>>> print(open('upload-v1.pdb').read())   # PDB, C-alpha atoms (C1' of nucleotides)
ATOM      1  CA  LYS X  63      52.776 -42.763 -64.843
ATOM      2  CA  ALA X  64      49.014 -42.820 -64.252
ATOM      3  CA  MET X  65      49.079 -39.159 -63.220
ATOM      4  CA  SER X  66      51.137 -38.215 -66.283
ATOM      5  CA  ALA X  67      48.911 -40.246 -68.613
ATOM      6  CA  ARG X  68      45.825 -38.603 -67.112
ATOM      7  CA  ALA X  69      47.445 -35.152 -67.253
ATOM      8  CA  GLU X  70      48.370 -35.457 -70.932
ATOM      9  CA  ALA X  71      44.909 -36.822 -71.763
ATOM     10  CA  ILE X  72      43.213 -33.861 -70.065
ATOM     11  CA  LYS X  73      45.532 -31.296 -71.675
ATOM     12  CA  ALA X  74      44.894 -32.907 -75.076
ATOM     13  CA  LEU X  75      42.679 -30.164 -76.537
ATOM     14  CA  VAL X  76      41.456 -30.284 -80.184
ATOM     15  CA  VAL X  89      12.838 -10.360 -77.328
ATOM     16  CA  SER X  90      12.090  -7.808 -74.604
ATOM     17  CA  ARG X  91      11.055  -9.892 -71.551
ATOM     18  CA  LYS X  92      10.139  -6.899 -69.403
ATOM     19  CA  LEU X  93      10.237  -8.755 -66.096
ATOM     20  CA  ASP X  94      13.620 -10.234 -67.014
ATOM     21  CA  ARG X  95      14.997  -6.862 -68.112
ATOM     22  CA  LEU X  96      13.966  -5.159 -64.867
ATOM     23  CA  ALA X  97      15.603  -7.870 -62.774
ATOM     24  CA  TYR X  98      18.781  -7.365 -64.804
ATOM     25  CA  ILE X  99      18.693  -3.612 -64.167
ATOM     26  CA  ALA X 100      18.037  -4.181 -60.459
ATOM     27  CA  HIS X 101      21.226  -6.249 -60.184
ATOM     28  CA  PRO X 102      23.889  -4.217 -58.323
ATOM     29  CA  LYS X 103      26.633  -5.089 -60.829
ATOM     30  CA  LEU X 104      25.008  -6.356 -64.034
ATOM     31  CA  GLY X 105      22.671  -3.356 -64.132
ATOM     32  CA  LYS X 106      25.193  -0.653 -63.231
ATOM     33  CA  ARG X 107      25.610   0.738 -66.743
ATOM     34  CA  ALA X 108      21.964   0.073 -67.605
ATOM     35  CA  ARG X 109      20.566   2.237 -64.818
ATOM     36  CA  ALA X 110      23.154   4.922 -65.543
ATOM     37  CA  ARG X 111      21.746   5.167 -69.069
ATOM     38  CA  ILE X 112      18.210   5.825 -67.842
ATOM     39  CA  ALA X 113      19.533   8.385 -65.354
ATOM     40  CA  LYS X 114      21.054  10.478 -68.140
ATOM     41  CA  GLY X 115      17.779  10.083 -70.002
ATOM     42  CA  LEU X 116      15.944  11.733 -67.120
ATOM     43  CA  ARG X 117      18.301  14.722 -67.145
ATOM     44  CA  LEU X 118      19.355  15.499 -70.708
ATOM     45  CA  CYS X 119      16.981  16.666 -73.434
ATOM     46  CA  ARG X 120      18.291  16.883 -76.994
ATOM     47  CA  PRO X 121      16.571  17.552 -80.331
ATOM     48  CA  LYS X 122      16.354  15.208 -83.331
TER      49      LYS X 122
ATOM     50  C1'   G I   1     -10.961   4.738 -88.832
ATOM     51  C1'   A I   2     -14.611  11.202 -86.656
ATOM     52  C1'   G I   3     -12.489   5.149 -76.288
ATOM     53  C1'   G I   4      -9.476   2.870 -72.101
ATOM     54  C1'   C I   5      -4.632   1.658 -69.903
ATOM     55  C1'   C I   6       0.859   2.008 -69.360
ATOM     56  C1'   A I   7       6.186   2.442 -62.776
ATOM     57  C1'   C I   8       6.091   4.317 -71.628
ATOM     58  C1'   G I   9       9.423   9.335 -72.741
ATOM     59  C1'   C I  10      17.161  13.176 -74.687
ATOM     60  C1'   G I  11      20.260  12.529 -78.567
ATOM     61  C1'   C I  12      24.556   9.674 -81.813
ATOM     62  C1'   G I  13      26.244   4.983 -83.157
ATOM     63  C1'   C I  14      25.567  -0.104 -82.808
ATOM     64  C1'   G I  15      22.561  -4.668 -82.835
ATOM     65  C1'   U I  16      17.199  -7.615 -83.485
ATOM     66  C1'   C I  17      12.492  -7.372 -86.017
ATOM     67  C1'   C I  18       9.007  -5.020 -89.241
ATOM     68  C1'   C I  19       7.993  -1.370 -93.980
ATOM     69  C1'   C I  20       9.471   0.961 -98.924
ATOM     70  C1'   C I  21      11.509   1.126-103.339
ATOM     71  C1'   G I  22      14.599  -3.268-104.352
ATOM     72  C1'   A I  23      17.952  -0.274-110.934
ATOM     73  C1'   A I  24      21.727  -8.770-108.683
ATOM     74  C1'   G I  25      15.447  -9.810-103.693
ATOM     75  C1'   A I  26      22.534  -5.378-104.058
ATOM     76  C1'   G I  27      22.115  -0.022-101.870
ATOM     77  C1'   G I  28      19.972   3.331 -99.392
ATOM     78  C1'   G I  29      15.463   5.479 -97.386
ATOM     79  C1'   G I  30      11.532   4.853 -92.541
ATOM     80  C1'   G I  31       9.103   2.628 -87.777
ATOM     81  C1'   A I  32       9.380  -0.661 -83.086
ATOM     82  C1'   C I  33      12.502  -3.010 -79.250
ATOM     83  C1'   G I  34      17.287  -3.310 -76.826
ATOM     84  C1'   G I  35      19.423  -5.815 -70.839
ATOM     85  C1'   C I  36      24.659  -2.873 -76.308
ATOM     86  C1'   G I  37      28.757   1.213 -76.875
ATOM     87  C1'   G I  38      34.952   5.915 -73.141
ATOM     88  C1'   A I  39      34.289   9.668 -70.357
ATOM     89  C1'   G I  40      31.102  13.292 -63.612
ATOM     90  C1'   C I  41      25.682  17.177 -61.320
ATOM     91  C1'   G I  42      19.499  18.694 -61.202
ATOM     92  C1'   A I  43      17.495  22.375 -56.995
ATOM     93  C1'   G I  44      13.585  24.862 -54.721
ATOM     94  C1'   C I  45       9.417  24.941 -52.324
ATOM     95  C1'   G I  46       5.536  22.295 -50.065
ATOM     96  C1'   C I  47       1.464  18.049 -48.454
ATOM     97  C1'   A I  48       1.700  13.773 -45.747
ATOM     98  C1'   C I  49      -2.596   6.912 -43.553
ATOM     99  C1'   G I  50       5.379   7.726 -43.870
ATOM    100  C1'   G I  51      11.486   4.547 -38.214
ATOM    101  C1'   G I  52       5.759   4.691 -30.825
ATOM    102  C1'   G I  53       1.957  12.285 -28.982
ATOM    103  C1'   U I  54       1.255  16.448 -29.379
ATOM    104  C1'   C I  55      -1.352  21.207 -29.179
ATOM    105  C1'   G I  56       2.501  27.376 -31.738
ATOM    106  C1'   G I  57      -5.733  24.794 -27.312
ATOM    107  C1'   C I  58      -8.634  26.224 -23.075
ATOM    108  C1'   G I  59     -11.510  26.684 -18.313
ATOM    109  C1'   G I  60     -12.546  27.026 -12.849
ATOM    110  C1'   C I  61     -10.710  27.525  -7.885
ATOM    111  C1'   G I  62      -7.803  28.896  -4.103
ATOM    112  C1'   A I  63      -6.139  30.934   3.707
ATOM    113  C1'   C I  64      -8.218  30.292  10.030
ATOM    114  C1'   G I  65     -11.609  27.719   5.373
ATOM    115  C1'   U I  66     -10.434  24.712   1.969
ATOM    116  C1'   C I  67      -6.404  22.028  -1.634
ATOM    117  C1'   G I  68      -3.218  17.439  -2.374
ATOM    118  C1'   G I  69      -1.029  13.262   0.078
ATOM    119  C1'   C I  70      -3.458   5.216  -3.865
ATOM    120  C1'   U I  71       1.043   4.728   1.930
TER     121        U I  71
END
>>> encode(input="upload-v1.pdb", output="structure tokens")
Amino acid sequence: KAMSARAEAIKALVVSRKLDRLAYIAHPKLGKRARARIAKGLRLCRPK
RNA sequence: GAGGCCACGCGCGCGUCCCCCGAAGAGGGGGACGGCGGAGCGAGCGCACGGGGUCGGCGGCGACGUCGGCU
């Protein structure tokens, strides 16, 4: 009974920062898409 | 408005901030930043204070007198 009472009580629901940005890009997983963006920037050149 | 530095450099759209007119301080027109968004790839020569020396540098001397042998 104590386990059930506890279980039902628990289930009762209702800028830039350059140095921070570079550490984010250097992350192997968090910065994967970020450093892919800058790679395409190095290659492609487009007007406008 | 008659210099110095930057390990700052593609677009499109999204966001954040700043600017304009603002004809509801609506609605569009512009700048800056972004760590945001589903879609592949740079190669080709070199120089080196770069994961422990190499020269694609050279000279002299050599048989009955001398050459080498730290034992």
>>> interface_residues(input="upload-v1.pdb", of="chain I", to="chain X", cutoff="9 Å", atoms="only C-alpha atoms (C1' of nucleotides)", output="ChimeraX atom specification")
/I:9-11,16,33-35,42
>>> atom_distance(input="upload-v1.pdb", atom1="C1' of residue 18 in chain I", atom2="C1' of residue 37 in chain I")
24.1 Å
>>> atom_distance(input="upload-v1.pdb", atom1="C1' of residue 8 in chain I", atom2="CA of residue 113 in chain X")
15.4 Å
>>> atom_distance(input="upload-v1.pdb", atom1="CA of residue 112 in chain X", atom2="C1' of residue 43 in chain I")
19.8 Å
>>> build_atoms(input="upload-v1.pdb", residues="range 70-107 of chain X", atoms="N, CA, C and O atoms", output="PDB file, keeping the file's coordinate frame")
ATOM      1  N   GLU X  70      48.235 -35.704 -69.501  1.00  0.00           N
ATOM      2  CA  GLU X  70      48.370 -35.457 -70.932  1.00  0.00           C
ATOM      3  C   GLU X  70      47.062 -35.713 -71.671  1.00  0.00           C
ATOM      4  O   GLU X  70      46.821 -35.110 -72.724  1.00  0.00           O
ATOM      5  N   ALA X  71      46.213 -36.600 -71.147  1.00  0.00           N
ATOM      6  CA  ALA X  71      44.909 -36.822 -71.763  1.00  0.00           C
ATOM      7  C   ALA X  71      43.988 -35.629 -71.543  1.00  0.00           C
ATOM      8  O   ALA X  71      43.230 -35.248 -72.442  1.00  0.00           O
ATOM      9  N   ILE X  72      44.041 -35.029 -70.351  1.00  0.00           N
ATOM     10  CA  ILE X  72      43.213 -33.861 -70.065  1.00  0.00           C
ATOM     11  C   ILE X  72      43.675 -32.663 -70.885  1.00  0.00           C
ATOM     12  O   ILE X  72      42.861 -31.963 -71.500  1.00  0.00           O
ATOM     13  N   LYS X  73      44.985 -32.418 -70.923  1.00  0.00           N
ATOM     14  CA  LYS X  73      45.532 -31.296 -71.675  1.00  0.00           C
ATOM     15  C   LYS X  73      45.459 -31.495 -73.182  1.00  0.00           C
ATOM     16  O   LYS X  73      45.761 -30.556 -73.927  1.00  0.00           O
ATOM     17  N   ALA X  74      45.080 -32.684 -73.648  1.00  0.00           N
ATOM     18  CA  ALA X  74      44.894 -32.907 -75.076  1.00  0.00           C
ATOM     19  C   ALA X  74      43.634 -32.199 -75.555  1.00  0.00           C
ATOM     20  O   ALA X  74      42.533 -32.755 -75.481  1.00  0.00           O
ATOM     21  N   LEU X  75      43.787 -30.972 -76.045  1.00  0.00           N
ATOM     22  CA  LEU X  75      42.679 -30.164 -76.537  1.00  0.00           C
ATOM     23  C   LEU X  75      42.766 -30.056 -78.053  1.00  0.00           C
ATOM     24  O   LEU X  75      43.836 -29.752 -78.591  1.00  0.00           O
ATOM     25  N   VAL X  76      41.629 -30.282 -78.719  1.00  0.00           N
ATOM     26  CA  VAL X  76      41.456 -30.284 -80.184  1.00  0.00           C
ATOM     27  C   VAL X  76      42.675 -30.787 -80.956  1.00  0.00           C
ATOM     28  O   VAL X  76      42.691 -30.778 -82.187  1.00  0.00           O
ATOM     29  N   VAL X  89      13.774 -11.470 -77.208  1.00  0.00           N
ATOM     30  CA  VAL X  89      12.838 -10.360 -77.328  1.00  0.00           C
ATOM     31  C   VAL X  89      13.079  -9.348 -76.216  1.00  0.00           C
ATOM     32  O   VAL X  89      14.222  -9.057 -75.867  1.00  0.00           O
ATOM     33  N   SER X  90      11.995  -8.817 -75.653  1.00  0.00           N
ATOM     34  CA  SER X  90      12.090  -7.808 -74.604  1.00  0.00           C
ATOM     35  C   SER X  90      12.158  -8.441 -73.220  1.00  0.00           C
ATOM     36  O   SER X  90      13.134  -8.231 -72.495  1.00  0.00           O
ATOM     37  N   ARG X  91      11.138  -9.222 -72.850  1.00  0.00           N
ATOM     38  CA  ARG X  91      11.055  -9.892 -71.551  1.00  0.00           C
ATOM     39  C   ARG X  91      11.183  -8.874 -70.413  1.00  0.00           C
ATOM     40  O   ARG X  91      12.176  -8.825 -69.686  1.00  0.00           O
ATOM     41  N   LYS X  92      10.143  -8.040 -70.316  1.00  0.00           N
ATOM     42  CA  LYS X  92      10.139  -6.899 -69.403  1.00  0.00           C
ATOM     43  C   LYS X  92      10.521  -7.285 -67.982  1.00  0.00           C
ATOM     44  O   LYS X  92      11.326  -6.603 -67.340  1.00  0.00           O
ATOM     45  N   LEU X  93       9.954  -8.373 -67.472  1.00  0.00           N
ATOM     46  CA  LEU X  93      10.237  -8.755 -66.096  1.00  0.00           C
ATOM     47  C   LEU X  93      11.665  -9.263 -65.957  1.00  0.00           C
ATOM     48  O   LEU X  93      12.265  -9.164 -64.882  1.00  0.00           O
ATOM     49  N   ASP X  94      12.223  -9.819 -67.033  1.00  0.00           N
ATOM     50  CA  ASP X  94      13.620 -10.234 -67.014  1.00  0.00           C
ATOM     51  C   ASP X  94      14.553  -9.038 -67.144  1.00  0.00           C
ATOM     52  O   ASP X  94      15.627  -9.013 -66.536  1.00  0.00           O
ATOM     53  N   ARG X  95      14.168  -8.049 -67.950  1.00  0.00           N
ATOM     54  CA  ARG X  95      14.997  -6.862 -68.112  1.00  0.00           C
ATOM     55  C   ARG X  95      15.096  -6.077 -66.813  1.00  0.00           C
ATOM     56  O   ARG X  95      16.176  -5.601 -66.445  1.00  0.00           O
ATOM     57  N   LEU X  96      13.979  -5.937 -66.099  1.00  0.00           N
ATOM     58  CA  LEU X  96      13.966  -5.159 -64.867  1.00  0.00           C
ATOM     59  C   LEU X  96      14.778  -5.831 -63.772  1.00  0.00           C
ATOM     60  O   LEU X  96      15.398  -5.152 -62.948  1.00  0.00           O
ATOM     61  N   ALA X  97      14.766  -7.161 -63.732  1.00  0.00           N
ATOM     62  CA  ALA X  97      15.603  -7.870 -62.774  1.00  0.00           C
ATOM     63  C   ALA X  97      17.077  -7.697 -63.106  1.00  0.00           C
ATOM     64  O   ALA X  97      17.919  -7.640 -62.205  1.00  0.00           O
ATOM     65  N   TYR X  98      17.405  -7.626 -64.397  1.00  0.00           N
ATOM     66  CA  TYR X  98      18.781  -7.365 -64.804  1.00  0.00           C
ATOM     67  C   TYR X  98      19.223  -5.973 -64.379  1.00  0.00           C
ATOM     68  O   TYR X  98      20.346  -5.791 -63.897  1.00  0.00           O
ATOM     69  N   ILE X  99      18.355  -4.977 -64.555  1.00  0.00           N
ATOM     70  CA  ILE X  99      18.693  -3.612 -64.167  1.00  0.00           C
ATOM     71  C   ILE X  99      18.832  -3.504 -62.655  1.00  0.00           C
ATOM     72  O   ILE X  99      19.702  -2.792 -62.147  1.00  0.00           O
ATOM     73  N   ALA X 100      17.988  -4.218 -61.913  1.00  0.00           N
ATOM     74  CA  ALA X 100      18.037  -4.181 -60.459  1.00  0.00           C
ATOM     75  C   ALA X 100      19.277  -4.849 -59.886  1.00  0.00           C
ATOM     76  O   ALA X 100      19.547  -4.679 -58.692  1.00  0.00           O
ATOM     77  N   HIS X 101      20.019  -5.607 -60.683  1.00  0.00           N
ATOM     78  CA  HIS X 101      21.226  -6.249 -60.184  1.00  0.00           C
ATOM     79  C   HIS X 101      22.275  -5.190 -59.859  1.00  0.00           C
ATOM     80  O   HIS X 101      22.487  -4.273 -60.661  1.00  0.00           O
ATOM     81  N   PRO X 102      22.934  -5.270 -58.700  1.00  0.00           N
ATOM     82  CA  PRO X 102      23.889  -4.217 -58.323  1.00  0.00           C
ATOM     83  C   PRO X 102      25.049  -4.062 -59.287  1.00  0.00           C
ATOM     84  O   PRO X 102      25.561  -2.947 -59.444  1.00  0.00           O
ATOM     85  N   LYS X 103      25.483  -5.135 -59.936  1.00  0.00           N
ATOM     86  CA  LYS X 103      26.633  -5.089 -60.829  1.00  0.00           C
ATOM     87  C   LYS X 103      26.270  -5.233 -62.296  1.00  0.00           C
ATOM     88  O   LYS X 103      26.793  -4.490 -63.128  1.00  0.00           O
ATOM     89  N   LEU X 104      25.392  -6.175 -62.638  1.00  0.00           N
ATOM     90  CA  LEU X 104      25.008  -6.356 -64.034  1.00  0.00           C
ATOM     91  C   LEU X 104      24.238  -5.160 -64.570  1.00  0.00           C
ATOM     92  O   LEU X 104      24.342  -4.842 -65.759  1.00  0.00           O
ATOM     93  N   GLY X 105      23.471  -4.487 -63.722  1.00  0.00           N
ATOM     94  CA  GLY X 105      22.671  -3.356 -64.132  1.00  0.00           C
ATOM     95  C   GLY X 105      23.273  -2.003 -63.843  1.00  0.00           C
ATOM     96  O   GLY X 105      22.538  -1.010 -63.842  1.00  0.00           O
ATOM     97  N   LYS X 106      24.580  -1.926 -63.593  1.00  0.00           N
ATOM     98  CA  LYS X 106      25.193  -0.653 -63.231  1.00  0.00           C
ATOM     99  C   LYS X 106      25.175   0.321 -64.400  1.00  0.00           C
ATOM    100  O   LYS X 106      24.774   1.480 -64.252  1.00  0.00           O
ATOM    101  N   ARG X 107      25.608  -0.134 -65.574  1.00  0.00           N
ATOM    102  CA  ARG X 107      25.610   0.738 -66.743  1.00  0.00           C
ATOM    103  C   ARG X 107      24.197   0.961 -67.260  1.00  0.00           C
ATOM    104  O   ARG X 107      23.890   2.026 -67.807  1.00  0.00           O
TER     105      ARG X 107
END
